[PDB]
Amino acid sequence: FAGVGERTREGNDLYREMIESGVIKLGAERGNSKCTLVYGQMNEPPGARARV
Amino acid sequence: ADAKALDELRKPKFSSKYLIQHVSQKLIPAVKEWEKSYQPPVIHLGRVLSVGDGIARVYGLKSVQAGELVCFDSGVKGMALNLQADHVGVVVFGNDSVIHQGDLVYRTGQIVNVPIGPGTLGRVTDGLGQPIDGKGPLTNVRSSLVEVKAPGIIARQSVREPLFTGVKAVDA
Amino acid sequence: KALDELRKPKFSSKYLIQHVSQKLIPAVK
Amino acid sequence: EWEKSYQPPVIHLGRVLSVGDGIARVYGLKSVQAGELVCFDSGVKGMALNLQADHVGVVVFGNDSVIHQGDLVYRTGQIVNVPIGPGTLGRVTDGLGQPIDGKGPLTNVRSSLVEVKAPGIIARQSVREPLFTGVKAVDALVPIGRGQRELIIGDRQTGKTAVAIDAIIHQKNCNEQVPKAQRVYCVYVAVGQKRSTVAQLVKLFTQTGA
Amino acid sequence: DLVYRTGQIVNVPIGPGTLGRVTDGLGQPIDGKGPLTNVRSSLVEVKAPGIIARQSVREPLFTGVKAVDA
Amino acid sequence: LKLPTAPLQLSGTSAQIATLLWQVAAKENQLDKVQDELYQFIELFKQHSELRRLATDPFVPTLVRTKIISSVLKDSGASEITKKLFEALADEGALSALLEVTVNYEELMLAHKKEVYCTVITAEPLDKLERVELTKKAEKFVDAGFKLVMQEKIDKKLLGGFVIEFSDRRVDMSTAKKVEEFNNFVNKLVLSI
Amino acid sequence: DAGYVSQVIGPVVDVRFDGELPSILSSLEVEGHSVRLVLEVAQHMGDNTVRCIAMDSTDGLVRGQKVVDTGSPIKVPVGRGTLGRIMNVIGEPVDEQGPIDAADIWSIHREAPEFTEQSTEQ
Amino acid sequence: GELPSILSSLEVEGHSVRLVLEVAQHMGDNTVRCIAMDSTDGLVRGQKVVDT
Ligand SMILES: Nc1ncnc2c1ncn2[C@@H]1O[C@H](COP(=O)(O)OP(=O)(O)OP(=O)(O)O)[C@@H](O)[C@H]1O
Ligand SMILES: [Mg+2]
């Protein structure tokens with residue numbers, strides 16, 4: 001998932017909803033995750049949103 | 001016109017000295033004839049090149065940060081916005097009629113900040129932090145930057161609590 | 001390092017060559 | 001015959017003043033032509049597009065991240081040309097004539113300039129013989145002659161490419177039942193398209209025979 | 001080219017010699033009837049008369065058009 | 001009003017000033033008399049921080065700057081062209097243009113001796129008959145009677161020969177490029193033949 | 001070795017180097033800054049100056065601040081170590097769970113896949 | 001000698017009317033930039049201007 005210049009609230013919503021649904025796992029079972037998040041949201045300067 | 005012979009000129013190649021020993025003992029008695037027209041040079045302070053419409057172009061101010069509060073010698077504050085190579089573009093927090101060419105500009109050391117805390121609860125304030133309600137200065141308050149980065153993903157949580165507005169079209 | 005301040009000139013008066021030529025041709029005797 | 005008449009040519013240099021956004025401002029290149037191919041130190045080509053009194057504005061044929069300030073720019077002495085000829089048939093070339101289909105170098109071709117002057121009044125002739133597109137709306141109502149410029153205009157995803165590819169496929173179908181003289185040889189130029197779109201088109205053209 | 005100043009703000013000939021004459025936008029005649037004779041030069045950029053210098057419009061200027069003058 | 005032609009055309013607003021300076025110095029036979037004055041004033045800007053203050057500080061008035069420059073050069077043993085040039089550059093605060101007027105004046109002056117600076121890359125250290133024959137072929141890449149200021153350099157990745165780098169054009173008469181243009185010539189005939 | 005900040009206008013920083021300019025799209029680190037400020041070289045200005053875009057805020061930059069060249073574009077961790085992690089534009093973990101243990105950090109800048117390696121199945 | 005303040009009024013000597021200038025900007029190089037209260041037709045670039 002590449003969050004390019006969006007709301008940080010819905011990025012947190014996606015992160016939480018993939019913590020519960022098991023797409024992202026934490027701790028020792030981190031390697032059984034299937035999603036990499038890269039986030040460049042709206043509070044970032046325009047250089048960080050152009051390259052995320 | 002390129003920089004290589006332009007750097008070769010840093011090496012001396014004069015081959016004669018019939019002006020150098022003449023004017024070097026003639027320069028300092030000439031400069032001292034005009035020392036009341038000279039303004040003192042400026043490095044870490046600032047000096048106004050041009051002022052107009054709320055913008056001061058400030059010569060000097062070597063160690064200012066971008067977005068930093070500056071203070072002119074007439075008391076009115078400023079904000080160093082675009083730091084160009086030969087001058088600093090300073091926006092004026094007030095009326096720029098008290099700023100002249102050659103006025104000293106002082107760097108304050110702080111990025112722009114306002115008083116935050118429970119002491120602001122009840123006051124009528126200007127856009128910079130000073131109270132305008134005529135009830136004295138701000139007490140029980142502390143200074144905080146106006147350019148705080150927003151809290152990220154791990155700092156937030158989901159919005160659950162209502163905060164009703166009392167307008168039933170909105171709240172319905 | 002003392003001549004790094006003069007490695008590129010910046011001035012007003014786009015017609016600078018006119019004001020130099022109104023001083024240099026009377027330097028010819 | 002080559003060694004007995006061989007002088008190595010004097011190649012005029014140029015120093016990159018500034019580079020950015022695929023534009024290289026180049027000092028020097030004192031005798032360069034407008035629209036002439038230049039060559040950089042990084043092997044990337046260029047074109048002297050606007051010649052100014054102090055520098056040359058060079059458009060960069062590729063990614064300008066390999067060009068630095070002070071890089072040497074050599075002029076090639078020639079206006080931009082492409083290989084033309086019958087060896088270009090069946091070949092997927094890029095915008096400069098270089099092949100991108102992976103089928104080796106272009107055999108049986110010759111170089112010719114990309115910007116030739118258009119033929120004048122006495123060079124023309126009245127457009128009388130038809131060009132069949134195979135689309136019966138076009139062939140019936142909006143007919144085409146050989147030598148015509150017909151704009152396929154419309155919004156996105158309405159079938160402009162479909163009309164063009166049907167014209168090319170119908171020229172392949174008509175090319176089997178006519179003699180050598182009245183055969184139509186098609187060229188499809190894909191300007192700014194997606195690179196996976198133009199692999200579907202070479203798949204469809206190698207599947208149909210076009 | 002040499003540019004000479006005339007010593008005067010931009011002026012046109014005004015007076016009774018202008019009546020009957022076709023003129024360009026600068027004051028010199030184009031009808032081919034020679035120069036303007038009984039005339040004198042005044043500025044083209046005059047400040048309008050003020051508030052005391054005016055009075056209310058009383059007299060009628062008849063256009064001769066029926067729809068206008070009615 | 002008749003001025004002698006400069007040896008080469010140049011850029012704007014700091015090269016045409018040097019072109020005009022050369023044009024009025026060649027009328028008074030005074031080229032090498034003002035070239036060392038340009039270098040001397042460069043050394044003067046190197047020496048004093050109060051004389052390069054007139055070139056960089058924008059708070060000194062143009063009256064004060066012109067009165068320092070005029071009352072410092074009270075004929076100074078110097079040329080009148082130099083004195084009428086520097087009070088002209090002091091009237092605009094264009095004293096920082098001196099360090100490029102000197103570059104373009106050096107270019108005009110070494111073009112005045114038809115001299116040509118270049119560097120030569122060879123594979124081997126040269127013999128003094130190999131050197132004087134190299135100048136017999138290098139002179140035909142100059143379209144005048146310019147006797148060059150050729151230097152030498154060695155890099156044996158060349159397979160013999162010479163590469164003349166004239167600082168604006170390169171002439172690669174090396175054998176290592178000849179054997180590459182030989183290979184590129186015979187690789188294209190066998191694809192057609 | 002390093003360059004210095006010449007001009008800050010908004011999110012665009014002009015960095016001046018004395019010899020050996022960085023390439024376009026190269027990454028530059030600013031030290032002396034509070035947070036890690038990464039500038040990516042957008043273009044060469046021409047008199048030994050590069051013009052950059054910043055990956056964080058330019059509030060705090062001083063004209064003359066030391067800017068060091070990385071010699072490479074923005075490199076980020078890639079691989080199995082990034083699965084289940086939140087990254088920045090410059091590859092930092094912002095999920096507050098340790099570092100990102102991924103091998104073979106890659107540049108974010110490469111050219112497109114060329115024409116022959118294009119799939120046609122649907 | 002010394003520059004007027006911004007909004008300070010100036011008066012031009014020797015004009016056909018009373019030409020009052022009002023200083024709007026300091027442009028640097030000891031130069032102010034003014035806004036004339038009457039017409040400027042007839043102004044020469046050497047005219048004495050008195051700071052009020
Ligand atoms: N005659 C037709 N019959 C059925 N389908 C068609 C016809 N012409 C076009 N289409 C369909 O319409 C779609 C768009 O066609 P086409 O790509 O030719 O239009 P376009 O204007 O070139 O689109 P774009 O602007 O996106 O390139 C295609 O997916 C194609 O399958
Ligand atoms: Mg299409």
# chains A, B, ... in the order shown; residues from 1 in each chain; ligands from 1
call {"tool": "residues_around", "arguments": {"residues": "residue A:37", "least_positions_apart": "4", "cutoff": "9 Å", "atoms": "only C-alpha atoms", "output": "PDB file with N, CA, C and O atoms, in the first residue's frame"}}
result
ATOM      1  N   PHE A   1       0.844  -1.184   0.000  1.00  0.00           N
ATOM      2  CA  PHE A   1       0.000   0.000   0.000  1.00  0.00           C
ATOM      3  C   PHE A   1       0.882   1.239   0.000  1.00  0.00           C
ATOM      4  O   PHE A   1       1.791   1.359   0.825  1.00  0.00           O
ATOM      5  N   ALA A   2       0.618   2.148  -0.928  1.00  0.00           N
ATOM      6  CA  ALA A   2       1.346   3.407  -1.030  1.00  0.00           C
ATOM      7  C   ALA A   2       0.360   4.535  -0.762  1.00  0.00           C
ATOM      8  O   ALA A   2      -0.407   4.916  -1.649  1.00  0.00           O
ATOM      9  N   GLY A   3       0.378   5.070   0.453  1.00  0.00           N
ATOM     10  CA  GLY A   3      -0.463   6.204   0.768  1.00  0.00           C
ATOM     11  C   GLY A   3       0.207   7.491   0.349  1.00  0.00           C
ATOM     12  O   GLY A   3       1.085   7.999   1.045  1.00  0.00           O
ATOM     13  N   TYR A  15      -4.276   0.616   8.768  1.00  0.00           N
ATOM     14  CA  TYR A  15      -3.300  -0.105   9.580  1.00  0.00           C
ATOM     15  C   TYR A  15      -3.973  -0.903  10.688  1.00  0.00           C
ATOM     16  O   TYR A  15      -3.620  -2.061  10.922  1.00  0.00           O
TER      17      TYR A  15
ATOM     18  N   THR G  82      10.383  -5.771   5.357  1.00  0.00           N
ATOM     19  CA  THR G  82       9.449  -4.660   5.265  1.00  0.00           C
ATOM     20  C   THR G  82       7.997  -5.100   5.307  1.00  0.00           C
ATOM     21  O   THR G  82       7.109  -4.244   5.314  1.00  0.00           O
ATOM     22  N   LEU G  83       7.733  -6.401   5.330  1.00  0.00           N
ATOM     23  CA  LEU G  83       6.363  -6.886   5.386  1.00  0.00           C
ATOM     24  C   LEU G  83       5.783  -6.635   6.768  1.00  0.00           C
ATOM     25  O   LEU G  83       6.376  -7.016   7.778  1.00  0.00           O
ATOM     26  N   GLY G  84       4.626  -5.986   6.815  1.00  0.00           N
ATOM     27  CA  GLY G  84       4.050  -5.636   8.094  1.00  0.00           C
ATOM     28  C   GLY G  84       4.665  -4.424   8.746  1.00  0.00           C
ATOM     29  O   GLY G  84       4.486  -4.223   9.948  1.00  0.00           O
ATOM     30  N   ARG G  85       5.387  -3.607   7.987  1.00  0.00           N
ATOM     31  CA  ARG G  85       5.998  -2.392   8.495  1.00  0.00           C
ATOM     32  C   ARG G  85       5.433  -1.187   7.761  1.00  0.00           C
ATOM     33  O   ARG G  85       4.961  -1.290   6.627  1.00  0.00           O
ATOM     34  N   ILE G  86       5.496  -0.033   8.418  1.00  0.00           N
ATOM     35  CA  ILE G  86       5.160   1.246   7.807  1.00  0.00           C
ATOM     36  C   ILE G  86       6.458   1.999   7.575  1.00  0.00           C
ATOM     37  O   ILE G  86       7.259   2.164   8.501  1.00  0.00           O
ATOM     38  N   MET G  87       6.670   2.454   6.348  1.00  0.00           N
ATOM     39  CA  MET G  87       7.890   3.146   5.976  1.00  0.00           C
ATOM     40  C   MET G  87       7.607   4.609   5.669  1.00  0.00           C
ATOM     41  O   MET G  87       6.467   5.021   5.457  1.00  0.00           O
ATOM     42  N   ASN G  88       8.678   5.392   5.650  1.00  0.00           N
ATOM     43  CA  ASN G  88       8.635   6.771   5.198  1.00  0.00           C
ATOM     44  C   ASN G  88       8.851   6.829   3.692  1.00  0.00           C
ATOM     45  O   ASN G  88       8.886   5.812   2.999  1.00  0.00           O
TER      46      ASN G  88
END
call {"tool": "residues_near_ligand", "arguments": {"ligand": "ligand 2", "cutoff": "10 Å", "atoms": "only C-alpha atoms and all ligand atoms", "output": "short mmCIF file (atom, residue, chain, number, x, y, z; two decimals) with N, CA, C and O atoms, in the first residue's frame"}}
result
data_model
loop_
_atom_site.label_atom_id
_atom_site.label_comp_id
_atom_site.auth_asym_id
_atom_site.auth_seq_id
_atom_site.Cartn_x
_atom_site.Cartn_y
_atom_site.Cartn_z
N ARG D 156 -11.86 10.02 -25.18
CA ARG D 156 -11.15 8.80 -24.82
C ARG D 156 -12.08 7.59 -24.93
O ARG D 156 -13.29 7.70 -24.74
N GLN D 157 -11.48 6.46 -25.31
CA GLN D 157 -12.10 5.13 -25.25
C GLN D 157 -13.35 5.03 -26.13
O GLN D 157 -14.31 4.35 -25.79
N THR D 158 -13.32 5.72 -27.26
CA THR D 158 -14.43 5.70 -28.21
C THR D 158 -14.13 4.91 -29.47
O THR D 158 -15.04 4.67 -30.27
N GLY D 159 -12.88 4.49 -29.67
CA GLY D 159 -12.57 3.62 -30.79
C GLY D 159 -11.75 4.25 -31.89
O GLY D 159 -11.91 3.90 -33.06
N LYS D 160 -10.88 5.20 -31.54
CA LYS D 160 -10.01 5.80 -32.54
C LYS D 160 -8.91 4.84 -32.96
O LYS D 160 -8.66 4.65 -34.16
N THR D 161 -8.25 4.22 -31.97
CA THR D 161 -7.26 3.20 -32.25
C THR D 161 -7.88 2.00 -32.94
O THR D 161 -7.23 1.38 -33.78
N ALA D 162 -9.14 1.68 -32.64
CA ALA D 162 -9.79 0.55 -33.29
C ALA D 162 -10.00 0.81 -34.78
O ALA D 162 -9.79 -0.08 -35.60
N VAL D 163 -10.36 2.05 -35.15
CA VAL D 163 -10.49 2.41 -36.56
C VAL D 163 -9.13 2.40 -37.25
O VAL D 163 -9.01 1.91 -38.38
N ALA D 164 -8.08 2.86 -36.56
CA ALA D 164 -6.75 2.87 -37.16
C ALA D 164 -6.22 1.45 -37.38
O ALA D 164 -5.68 1.13 -38.45
N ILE D 165 -6.39 0.57 -36.39
CA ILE D 165 -5.89 -0.79 -36.51
C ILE D 165 -6.73 -1.59 -37.51
O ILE D 165 -6.20 -2.44 -38.23
N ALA D 190 3.25 5.46 -32.24
CA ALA D 190 2.65 5.43 -30.91
C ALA D 190 3.33 6.50 -30.06
O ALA D 190 4.42 6.27 -29.53
N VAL D 191 2.69 7.65 -29.94
CA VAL D 191 3.25 8.79 -29.23
C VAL D 191 2.68 8.81 -27.82
O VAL D 191 1.48 9.02 -27.63
N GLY D 192 3.54 8.59 -26.83
CA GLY D 192 3.15 8.73 -25.45
C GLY D 192 2.26 7.64 -24.91
O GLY D 192 1.66 7.82 -23.85
N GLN D 193 2.15 6.52 -25.61
CA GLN D 193 1.32 5.42 -25.15
C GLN D 193 2.04 4.62 -24.07
O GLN D 193 3.24 4.77 -23.84
N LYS D 194 1.28 3.77 -23.40
CA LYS D 194 1.86 2.83 -22.45
C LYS D 194 2.62 1.74 -23.19
O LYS D 194 2.23 1.32 -24.28
N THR D 197 0.79 -1.43 -23.84
CA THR D 197 -0.24 -1.33 -24.87
C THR D 197 0.33 -1.66 -26.24
O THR D 197 -0.32 -2.33 -27.05
N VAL D 198 1.55 -1.20 -26.51
CA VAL D 198 2.16 -1.42 -27.82
C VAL D 198 2.84 -2.77 -27.94
O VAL D 198 3.41 -3.07 -28.99
#
call {"tool": "residues_around", "arguments": {"residues": "residue F:9", "least_positions_apart": "6", "cutoff": "10 Å", "atoms": "only C-alpha atoms", "output": "list in words"}}
result
residues 15, 16, 19 and 108 of chain F
call {"tool": "write_last_selection", "arguments": {"atoms": "N, CA, C and O atoms", "output": "mmCIF file, in the first residue's frame"}}
result
data_model
loop_
_atom_site.group_PDB
_atom_site.id
_atom_site.type_symbol
_atom_site.label_atom_id
_atom_site.label_comp_id
_atom_site.auth_asym_id
_atom_site.auth_seq_id
_atom_site.Cartn_x
_atom_site.Cartn_y
_atom_site.Cartn_z
ATOM 1 N N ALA F 15 31.823 41.101 -21.189
ATOM 2 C CA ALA F 15 32.771 40.823 -22.251
ATOM 3 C C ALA F 15 32.803 41.919 -23.297
ATOM 4 O O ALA F 15 33.844 42.132 -23.924
ATOM 5 N N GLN F 16 31.696 42.632 -23.493
ATOM 6 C CA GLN F 16 31.720 43.782 -24.382
ATOM 7 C C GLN F 16 32.348 44.998 -23.722
ATOM 8 O O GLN F 16 32.869 45.864 -24.431
ATOM 9 N N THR F 19 35.789 44.208 -24.469
ATOM 10 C CA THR F 19 35.977 44.438 -25.899
ATOM 11 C C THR F 19 36.173 45.920 -26.195
ATOM 12 O O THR F 19 37.067 46.300 -26.955
ATOM 13 N N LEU F 108 41.125 38.259 -25.308
ATOM 14 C CA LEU F 108 41.437 39.139 -26.433
ATOM 15 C C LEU F 108 42.941 39.303 -26.619
ATOM 16 O O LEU F 108 43.433 39.359 -27.754
#
call {"tool": "residues_around", "arguments": {"residues": "residue C:3", "least_positions_apart": "3", "cutoff": "9 Å", "atoms": "only C-alpha atoms", "output": "JSON, numbers by chain"}}
result
{"B": [10], "C": [6, 7], "F": [42, 45, 46, 52, 99]}
call {"tool": "write_last_selection", "arguments": {"atoms": "N, CA, C and O atoms", "output": "compact mmCIF listing (two decimals), in the first residue's frame"}}
result
# COMPACT_ATOMS: atom_id res chain seq x y z
N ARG B 10 43.13 34.05 -9.31
CA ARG B 10 43.45 34.08 -7.89
C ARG B 10 44.96 34.00 -7.66
O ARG B 10 45.45 34.51 -6.64
N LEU C 6 33.66 38.20 -5.63
CA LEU C 6 33.64 38.93 -6.89
C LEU C 6 33.63 38.00 -8.10
O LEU C 6 33.85 38.46 -9.22
N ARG C 7 33.37 36.70 -7.90
CA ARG C 7 33.44 35.74 -8.98
C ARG C 7 32.23 35.77 -9.90
O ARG C 7 32.22 35.05 -10.90
N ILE F 42 43.31 43.51 -9.38
CA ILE F 42 42.92 42.23 -8.80
C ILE F 42 43.71 41.95 -7.53
O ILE F 42 43.15 41.54 -6.50
N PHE F 45 42.33 44.17 -4.78
CA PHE F 45 41.15 43.59 -4.15
C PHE F 45 41.52 42.40 -3.27
O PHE F 45 40.82 42.11 -2.29
N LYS F 46 42.60 41.69 -3.62
CA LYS F 46 43.10 40.64 -2.74
C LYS F 46 43.67 41.20 -1.45
O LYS F 46 43.58 40.56 -0.40
N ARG F 52 37.68 46.00 -1.63
CA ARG F 52 36.66 45.09 -2.12
C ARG F 52 35.34 45.28 -1.40
O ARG F 52 34.33 44.70 -1.81
N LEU F 99 36.76 41.34 -12.40
CA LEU F 99 37.39 40.03 -12.38
C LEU F 99 36.95 39.15 -13.55
O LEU F 99 37.54 38.09 -13.75
call {"tool": "interface_residues", "arguments": {"of": "chain H", "to": "chain B", "cutoff": "7 Å", "atoms": "only C-alpha atoms", "output": "list in words"}}
result
residues 5, 6, 7, 24, 25, 26, 27 and 28 of chain H
call {"tool": "select_by_dssp", "arguments": {"residues": "chain C", "states": "helix (DSSP H, G or I)", "output": "ChimeraX atom specification"}}
result
/C:4-6,16-24
call {"tool": "interface_residues", "arguments": {"of": "chain F", "to": "chain B", "cutoff": "9 Å", "atoms": "only C-alpha atoms", "output": "ChimeraX atom specification"}}
result
/F:11,15,35-44,46-48,50-51,57-61,64,67-69,71-73,76-78,99-104,107
call {"tool": "atom_distance", "arguments": {"atom1": "atom CA of residue D:88", "atom2": "atom CA of residue D:102"}}
result
13.5 Å
call {"tool": "interface_residues", "arguments": {"of": "chain G", "to": "chain D", "cutoff": "7 Å", "atoms": "only C-alpha atoms", "output": "list in words"}}
result
residues 23, 24, 25, 42, 43, 44, 45, 46, 115, 116, 118 and 120 of chain G
call {"tool": "residues_around", "arguments": {"residues": "stretch 46-52 of chain A", "least_positions_apart": "5", "cutoff": "12 Å", "atoms": "only C-alpha atoms", "output": "short mmCIF file (atom, residue, chain, number, x, y, z; two decimals) with N, CA and C atoms, in the first residue's frame"}}
result
data_model
loop_
_atom_site.label_atom_id
_atom_site.label_comp_id
_atom_site.auth_asym_id
_atom_site.auth_seq_id
_atom_site.Cartn_x
_atom_site.Cartn_y
_atom_site.Cartn_z
N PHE A 1 0.84 -1.18 0.00
CA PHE A 1 0.00 0.00 0.00
C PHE A 1 0.88 1.24 0.00
N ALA A 2 0.62 2.15 -0.93
CA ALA A 2 1.35 3.41 -1.03
C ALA A 2 0.36 4.54 -0.76
N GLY A 3 0.38 5.07 0.45
CA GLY A 3 -0.46 6.20 0.77
C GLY A 3 0.21 7.49 0.35
N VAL A 4 -0.20 8.02 -0.80
CA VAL A 4 0.45 9.18 -1.40
C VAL A 4 -0.45 10.38 -1.15
N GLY A 5 -0.12 11.17 -0.14
CA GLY A 5 -0.78 12.44 0.08
C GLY A 5 -2.23 12.36 0.48
N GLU A 6 -2.56 11.48 1.42
CA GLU A 6 -3.93 11.29 1.86
C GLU A 6 -4.05 11.63 3.34
N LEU A 37 3.44 -1.26 4.15
CA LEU A 37 2.85 0.07 4.09
C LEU A 37 3.95 1.10 3.87
N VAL A 38 3.73 2.01 2.93
CA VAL A 38 4.60 3.15 2.69
C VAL A 38 3.71 4.38 2.66
N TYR A 39 3.99 5.36 3.53
CA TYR A 39 3.04 6.44 3.76
C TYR A 39 3.68 7.80 3.58
N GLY A 40 3.01 8.64 2.80
CA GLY A 40 3.46 9.96 2.39
C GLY A 40 2.39 11.02 2.51
N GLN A 41 1.71 11.07 3.65
CA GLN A 41 0.38 11.66 3.76
C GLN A 41 0.40 13.19 3.68
N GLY G 10 11.13 28.09 0.58
CA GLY G 10 10.07 27.12 0.75
C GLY G 10 10.59 25.72 0.96
N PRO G 11 10.06 24.77 0.19
CA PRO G 11 10.58 23.39 0.22
C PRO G 11 11.72 23.13 -0.75
N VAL G 12 12.33 24.17 -1.31
CA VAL G 12 13.37 24.03 -2.32
C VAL G 12 14.64 24.66 -1.77
N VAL G 13 15.70 23.86 -1.68
CA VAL G 13 16.97 24.28 -1.11
C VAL G 13 18.02 24.27 -2.21
N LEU G 25 19.06 13.50 -9.07
CA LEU G 25 18.33 12.50 -8.29
C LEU G 25 19.17 11.89 -7.18
N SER G 27 20.84 11.75 -3.38
CA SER G 27 20.36 12.10 -2.06
C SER G 27 21.43 12.86 -1.30
N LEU G 37 17.00 15.51 7.68
CA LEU G 37 16.51 16.20 6.50
C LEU G 37 17.27 15.69 5.28
N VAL G 38 16.54 15.09 4.35
CA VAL G 38 17.10 14.52 3.13
C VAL G 38 16.69 15.41 1.97
N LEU G 39 17.66 15.87 1.20
CA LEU G 39 17.40 16.62 -0.02
C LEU G 39 17.75 15.77 -1.23
N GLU G 40 16.89 15.80 -2.24
CA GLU G 40 17.15 15.11 -3.49
C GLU G 40 17.44 16.14 -4.57
N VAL G 41 18.55 15.95 -5.28
CA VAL G 41 19.01 16.91 -6.28
C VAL G 41 18.06 16.90 -7.47
N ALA G 42 17.41 18.04 -7.72
CA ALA G 42 16.47 18.16 -8.82
C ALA G 42 17.14 18.61 -10.11
N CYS G 52 17.55 21.53 -5.00
CA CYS G 52 17.06 20.31 -4.39
C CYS G 52 15.62 20.48 -3.92
N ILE G 53 14.96 19.35 -3.69
CA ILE G 53 13.68 19.31 -3.00
C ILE G 53 13.88 18.52 -1.71
N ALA G 54 13.24 18.98 -0.64
CA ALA G 54 13.44 18.43 0.68
C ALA G 54 12.40 17.36 0.99
N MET G 55 12.81 16.35 1.74
CA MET G 55 11.90 15.30 2.18
C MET G 55 11.25 15.61 3.52
N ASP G 56 11.71 16.64 4.22
CA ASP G 56 11.03 17.09 5.43
C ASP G 56 10.98 18.61 5.38
N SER G 57 10.60 19.27 6.47
CA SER G 57 10.44 20.71 6.46
C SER G 57 11.79 21.41 6.47
N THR G 58 11.87 22.53 5.75
CA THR G 58 13.09 23.33 5.67
C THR G 58 13.15 24.42 6.72
N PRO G 73 20.99 7.77 -4.97
CA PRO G 73 19.64 8.29 -4.69
C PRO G 73 19.09 7.83 -3.34
N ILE G 74 17.83 8.16 -3.08
CA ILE G 74 17.18 7.76 -1.84
C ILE G 74 17.06 6.24 -1.81
N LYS G 75 17.76 5.62 -0.86
CA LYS G 75 17.77 4.17 -0.72
C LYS G 75 16.86 3.79 0.44
N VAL G 76 16.04 2.77 0.23
CA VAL G 76 15.04 2.35 1.21
C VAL G 76 15.19 0.85 1.44
N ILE G 86 5.50 -0.03 8.42
CA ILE G 86 5.16 1.25 7.81
C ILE G 86 6.46 2.00 7.58
N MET G 87 6.67 2.45 6.35
CA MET G 87 7.89 3.15 5.98
C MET G 87 7.61 4.61 5.67
N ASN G 88 8.68 5.39 5.65
CA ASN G 88 8.64 6.77 5.20
C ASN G 88 8.85 6.83 3.69
N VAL G 89 9.00 8.05 3.18
CA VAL G 89 9.50 8.24 1.83
C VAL G 89 10.97 7.83 1.74
N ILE G 90 11.72 7.97 2.83
CA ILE G 90 13.14 7.63 2.86
C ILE G 90 13.39 6.33 3.62
N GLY G 91 12.35 5.53 3.85
CA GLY G 91 12.55 4.21 4.40
C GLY G 91 12.76 4.13 5.89
N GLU G 92 12.24 5.09 6.65
CA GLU G 92 12.38 4.92 8.09
C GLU G 92 11.13 4.26 8.66
N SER G 107 17.73 1.68 -4.39
CA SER G 107 17.37 3.02 -4.81
C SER G 107 15.91 3.08 -5.24
N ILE G 108 15.25 4.20 -4.94
CA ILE G 108 13.87 4.39 -5.39
C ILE G 108 13.79 4.83 -6.84
N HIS G 109 14.91 5.14 -7.47
CA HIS G 109 14.93 5.64 -8.84
C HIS G 109 15.55 4.59 -9.74
#
call {"tool": "residues_around", "arguments": {"residues": "residue B:134", "least_positions_apart": "6", "cutoff": "12 Å", "atoms": "only C-alpha atoms", "output": "PyMOL selection string"}}
result
chain B and resi 123-126
call {"tool": "select_by_dssp", "arguments": {"residues": "chain E", "states": "strand (DSSP E or B)", "output": "VMD selection string"}}
result
chain E and resid 11 to 14 23 29 40 to 43
call {"tool": "interface_residues", "arguments": {"of": "chain F", "to": "chain D", "cutoff": "9 Å", "atoms": "only C-alpha atoms", "output": "PyMOL selection string"}}
result
chain F and resi 10-12+141+167-174+177-178+182+185+191-192
call {"tool": "atom_distance", "arguments": {"atom1": "atom CA of residue B:89", "atom2": "atom CA of residue G:9"}}
result
9.5 Å
call {"tool": "residues_around", "arguments": {"residues": "residue C:29", "least_positions_apart": "6", "cutoff": "12 Å", "atoms": "only C-alpha atoms", "output": "list in words"}}
result
residues 24, 25, 27, 28, 29, 30, 79, 80 and 81 of chain F
